[PDB]
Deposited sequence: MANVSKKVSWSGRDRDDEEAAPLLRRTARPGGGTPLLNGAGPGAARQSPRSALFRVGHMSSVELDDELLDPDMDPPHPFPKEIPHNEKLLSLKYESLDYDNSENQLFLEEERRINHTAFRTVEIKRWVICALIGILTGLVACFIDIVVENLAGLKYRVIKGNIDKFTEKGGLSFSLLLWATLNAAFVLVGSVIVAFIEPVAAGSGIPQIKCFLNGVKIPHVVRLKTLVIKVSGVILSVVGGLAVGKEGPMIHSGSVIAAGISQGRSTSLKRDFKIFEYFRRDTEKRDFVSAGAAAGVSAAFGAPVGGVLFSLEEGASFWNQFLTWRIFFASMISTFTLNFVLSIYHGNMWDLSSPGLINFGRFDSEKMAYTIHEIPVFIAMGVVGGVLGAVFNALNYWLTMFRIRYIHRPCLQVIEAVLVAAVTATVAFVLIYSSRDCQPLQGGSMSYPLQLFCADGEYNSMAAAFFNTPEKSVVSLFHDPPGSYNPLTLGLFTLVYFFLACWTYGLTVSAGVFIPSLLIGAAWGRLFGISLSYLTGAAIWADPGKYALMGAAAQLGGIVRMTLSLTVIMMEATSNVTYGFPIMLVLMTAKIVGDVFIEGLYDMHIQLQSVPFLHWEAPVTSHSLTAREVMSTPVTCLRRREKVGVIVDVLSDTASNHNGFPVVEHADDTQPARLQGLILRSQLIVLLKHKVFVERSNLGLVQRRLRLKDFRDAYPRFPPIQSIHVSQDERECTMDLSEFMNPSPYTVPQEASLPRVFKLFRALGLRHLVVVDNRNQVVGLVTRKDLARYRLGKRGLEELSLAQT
């Protein structure tokens, strides 16, 4: 809780910053804004290419795995020995997950999960360690490939958000700290204000690549940032989202041969809902609301079981060796349960044009292939698309019901494993499954009425279950709208997402918020809780405040920084009349360069130590230098944001969240410092 440090998003408009901006504007054309667009274009291209790499590698590797499994099953079907096929399937699942779990559990635990909670925290302004490191990106991409190829009930769309953010946070700096390679470009953007803006473009680019929803990506980053409206930043964020989904579409079209067919804007492509079958009446609106109630209830059950499982894993399965074993066991069980359902499945159908990628004939007539095998052998994206677009009567309720019940618990069990994997697609698949079952039941109860199309209800179920689990409403609705390419479907999708969140919020919080809370991250919500409007800044502020004089003794500065009882990173500058705000990182740079009253530092010198500032212990100061004085006038933030003692908490919370502040100085009516507000002071209210 106390080990998480906030971003320095609010740029300190000190004297050095003013000279640099003045110098830039006088250096002929100002190319800062142009470079922002170039970086955003590169962020979108690279994020799209990463999605291309994941899609191509997974398709080839999973194709090889399923061909091997199908061939082994075919050989042993009539001659006997199918138990070896089960062992081969389980071993192949374990082998891929073993590599995927080891690299996450032993090399970079921060790559576990989808990474969306980590990115949500980063755009919230709080830094989780190692989120945007190069090693994290490599393991996240490699881990998600091994997780999907490993047969886990997971999705690869979710991790794209984390992958895009890491690319954004590294490309924009024009250097690689991990590789110790510094390209002499983009040094201007080596600051927290620019980095968070680029990460929002990267996260938006990841959403657009994952779902083919460039506008949904923008609204995701806008929701998580929750900042003041920045027209030029939002335009650049949309620029990255548009390029990301286009790069994925263009490169995949080349890989698939048909360069003229841009039919793959995202990793998952819902298809076309522009049909008479895909039309709804006003009488179906109460039915859709009821589906959102089911999605909220099932999502709450999904989140409640995962919370209990996560508590168990934190208590008992925290060792890396046990984490690897747990992921391997889940992979073997996932194959085993799938094999058992396929083995005992007595329903098979003739092969359609593309219904089954690897049609498995097992114990039923020639020319027919096991229907339950298609549910497990097909990629979850294909299963979701088929559930969306299939003629009525395509699914036997028993085999679809058994798959839904099993996949629900498998996805819940698999989430929280020490592997890189997403939960978006599994939640979509679960909802599309019981949503289709709801449509089948309605068709049975209405005599196969044309309005009771199971495919349409699969879309509503998928939205209801996804909303019931992750509690995303505005970005999710637009993502669904863009994926279906049908504006009119927004109205039912919005309604089901509203009731799914409302019903789900009654029982438990969302999956992403649940895991952020379990990590004790100081996460700021959109507004202060309703039960805290009676509070003022005086009740929430921290007092007394450790301040520094405008002309402060070096020994005093060192003693304040060297104190081990606390690790404050911001210090108001007083004369206790407030004059400004100085950061710990700024003080370290000043001490390192020995800037004492007794050539001149530039803003680049402070960016040279960014983002890994040396600790105070690395600073060696002599007794003679301890008596020297340091003038903070040219380096402090001369106009820190302040609130009166009597300012209400919602006013304090709104200003802090919107501006992305790290330190908010509380003053009395005489401009005397009386308290300090940081994110931990605001996040403690629930």
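**Q** Provide the list of deposited-sequence positions lacking C-alpha coordinates, grouped into contiguous ranges.
**A** In sequence order, the gaps with no modelled C-alpha are 1-90, 666-672, 696-703, 792-805.
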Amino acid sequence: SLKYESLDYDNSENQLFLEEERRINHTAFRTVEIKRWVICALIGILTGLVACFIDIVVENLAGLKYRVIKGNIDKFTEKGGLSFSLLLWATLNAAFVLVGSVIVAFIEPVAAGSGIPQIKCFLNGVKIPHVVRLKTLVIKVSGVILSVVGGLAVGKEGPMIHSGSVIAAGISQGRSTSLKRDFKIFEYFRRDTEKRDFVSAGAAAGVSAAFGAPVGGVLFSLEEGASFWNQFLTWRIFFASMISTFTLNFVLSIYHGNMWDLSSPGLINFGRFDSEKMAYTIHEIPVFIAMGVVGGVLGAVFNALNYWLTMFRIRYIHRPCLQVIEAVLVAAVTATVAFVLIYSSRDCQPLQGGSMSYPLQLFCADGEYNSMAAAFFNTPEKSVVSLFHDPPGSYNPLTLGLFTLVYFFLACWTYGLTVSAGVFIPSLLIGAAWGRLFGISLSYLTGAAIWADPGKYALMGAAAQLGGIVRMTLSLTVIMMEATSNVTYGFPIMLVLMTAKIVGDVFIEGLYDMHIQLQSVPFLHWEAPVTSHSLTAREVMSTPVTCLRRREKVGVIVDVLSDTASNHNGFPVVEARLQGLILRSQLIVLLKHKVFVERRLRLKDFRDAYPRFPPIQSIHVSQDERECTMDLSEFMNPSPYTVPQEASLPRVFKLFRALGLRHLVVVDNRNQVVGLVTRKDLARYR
From here on, numbers count along this sequence of modelled residues.
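Heads up, when I say rigid core I mean the largest set of C-alphas that superpose within 1.5 Å between the two forms.
**Q** Once everything is fitted on the core, do the CA positions of 204-212 or those of 445-453 lie farther from the shown form in 4 other deposited structures of this protein?
**A** When 204-212 and 445-453 are compared in 4 other deposited structures of this protein, the bigger C-alpha shift is seen for 445-453.
**Q** Could you tell me which of the two stretches, 436-444 or 507-515, has its Cα atoms lying farther from the shown structure in 4 other deposited structures of this protein after fitting on the rigid core?
**A** When 436-444 and 507-515 are compared in 4 other deposited structures of this protein, 507-515 lies farther out.
**Q** Is it true that at least a third of the other compared entries have no coordinates for residue 617?
**A** Yes, residue 617 lacks coordinates in at least a third of the other entries compared.
**Q** Indicate yes or no: is residue 120 absent from the model in at least a third of the other PDB entries of this protein that were compared?
**A** Across the other compared entries, residue 120 is absent from none.
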